[PDB]
Each structure stands twice: as structure tokens, then as C-alpha cells.
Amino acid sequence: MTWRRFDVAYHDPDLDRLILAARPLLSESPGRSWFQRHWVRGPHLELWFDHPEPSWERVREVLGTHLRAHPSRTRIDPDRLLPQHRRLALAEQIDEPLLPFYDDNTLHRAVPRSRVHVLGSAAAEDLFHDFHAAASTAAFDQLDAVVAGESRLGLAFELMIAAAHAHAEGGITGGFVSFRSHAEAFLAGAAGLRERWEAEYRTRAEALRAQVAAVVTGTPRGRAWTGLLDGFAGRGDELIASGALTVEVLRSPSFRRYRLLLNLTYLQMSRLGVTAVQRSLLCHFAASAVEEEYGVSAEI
């Protein structure tokens, strides 16, 4: 299909109220629509629509109003960032303008990027767009909770646990291995940062174990997330089997389906504002909590 992309430049990492101000635009008219946080040309919110409404004028009305009342006041440095962005663009296989960085608190029309070269096919891209549409709607409710005082990280941790228990072969004591792998890949040998993470785990060990257990047993939020994931599991299996969806035990359909659904969960955490370091921390915590709660070792 034929997408429109709008970039809302907002340099403050806290996007929650901006995203909630955008909610009517993503909720009022026919068509798929979704949002994500992105870095290119500086921190910004992206709004994606496959149908003609909301118009550019309507987007400007709703968001221009917000931005005049509640502007970002975080300063950045487009010359300390540009190097890192050129590297990241190579890594993420992005091919689009990197400069100039957007002025803070401005709206821009932008070119929708294709991800077919990464995902493997137009059918794979459409699956991810369909996920982003459903999950964006879910994210507004999750951000409402955060704005009201609930823990962002706690909510993200719940999605992760629920995803593993519902969608990994063997449940949580199968799927936690991916959490330890993710945390160690991020640490890249950092013994000192690992020690810090392990001390932060130990301080919270019973509380984390209790949350794992609560999610495994079933929570309305966990069940709602895994229900959303269930709508993609069969399509994911089909596209993995046909080769239309590129993959990253390794030959196992169940493993590859879990890895897809877990990666969708990570994309949701990003939508919620959980940074890469924080996601990795949560992975460390989840793996440790699972090991202690169930008497297992990522020995498997």
C-alpha cells in the first residue's frame, strides 16, 4: 500500500504526552495508522498512515497546538550526533537524508522508508505494518498508565515475560534463554556494568521473581499482549516457512516464531520509551529472576 509519514521533531526523550496528544489522529479515521520513535534527523515521533485522512492540515492542527503549549526544551548537538548517525544508518540499512537535523518542535512531511531489504518481502513488511497498527493502539493505553503513575519499566517487563511464557516452546523456562543472550550481547564483555546489573537484580530479587510468577500465572495486561501476538503467530509461521520473512534449535519453526514475537515485543518496548540499555537491563533481570524462581540455568 501507499503510506504517508509525518515526523514530529521533539528532542526531549519524554514523548508520552506528545504521543497521547496524537491519539485522535491515529484513532479517528479509516486505514492503518501507527507510530514509532526514531532518530534520523534527530529525535522525533513518526506517524504513519495508509489512508488519506487525517490530512496534513488536520495533523498540523492537532499537533501544532500541542507543540505551542508544551514544547520540548531539551537541547541536542547535531555535530556530536551526526557521526553516530552515519554509523547507525549503515548498521540499520537506512538510505535517507541524515541532515539537516529538524528544528525542535516542528512538523515535517517525510518519505516513507521501505524495510523490504531487511524483512525479506513486501508480505513481511505488511505483517510488520499490521503489527505496528495494532500495537500502536495498545501503546496509547499503556502510556496512559504511565502518565497516571505506573511503571514504564514494569509494564515492559510484563510484556516480555508474557511473551515468553505464551509463545516460547516450553514457556518461560524455555524462552528466558533469549533474555540472557540479549543482555550478554549488549554488555559485550563489560564486567563492571554486569556487576552493577547483578547488584541491582539482587536488591530486587524477590520483587522480580514475584512479578515473573504473577505474569506466568496470568494478568489481564499479559493476556492482552499475548492475545495481540497470537494474531501474528500464524502469519509469521507462514512467511517464515515460505522464506518471505527473513530469519535472524535454529532450524525449529517454534524457535523462529518465538524470535519474531519477542522482537515484536522489543519494538513495543521502544514505542513505550524503553531505551536499548534499559531493555537489556530488563533482559538481565528477567533471566536472573527466572533462574532463581524455577531453579534453572541459561546449563540449558
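Numbers follow the displayed sequence, beginning with 1.
The modelled chain breaks between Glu248 and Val249, where 10 or more residues of the deposited sequence lack coordinates. Coordinates are absent for 1 to 3 residues of the deposited sequence placed between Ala298 and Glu299. Averaged over CA atoms, B-factors in the entry run higher in 80-88 than in the other of 80-88 and 198-206. Two stretches are in play, 69-77 and 176-184, and the higher mean C-alpha B-factor belongs to 69-77. Listed residues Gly192, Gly149, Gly154, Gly171 were ranked by CA B-factor as deposited; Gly149 comes out on top.
When the C-alpha B factors of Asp130, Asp104, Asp141, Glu158 are read from the deposited coordinates, the top value falls at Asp141. Among all modelled residues in this chain, the alpha-carbon of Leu239 has a temperature factor (C-alpha) in the middle third.
In the deposited entry, the Cα temperature factor of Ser252 places it in the highest third of its chain's modelled residues.
Sort the chain's modelled residues by C-alpha temperature factor and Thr226 lands in the middle third, per the entry.
When the CA B factors of the chain's modelled residues are split into thirds, the value for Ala134 lands in the lowest one. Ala214: CA B factor in the middle third of modelled residues in this chain (values from the PDB entry).
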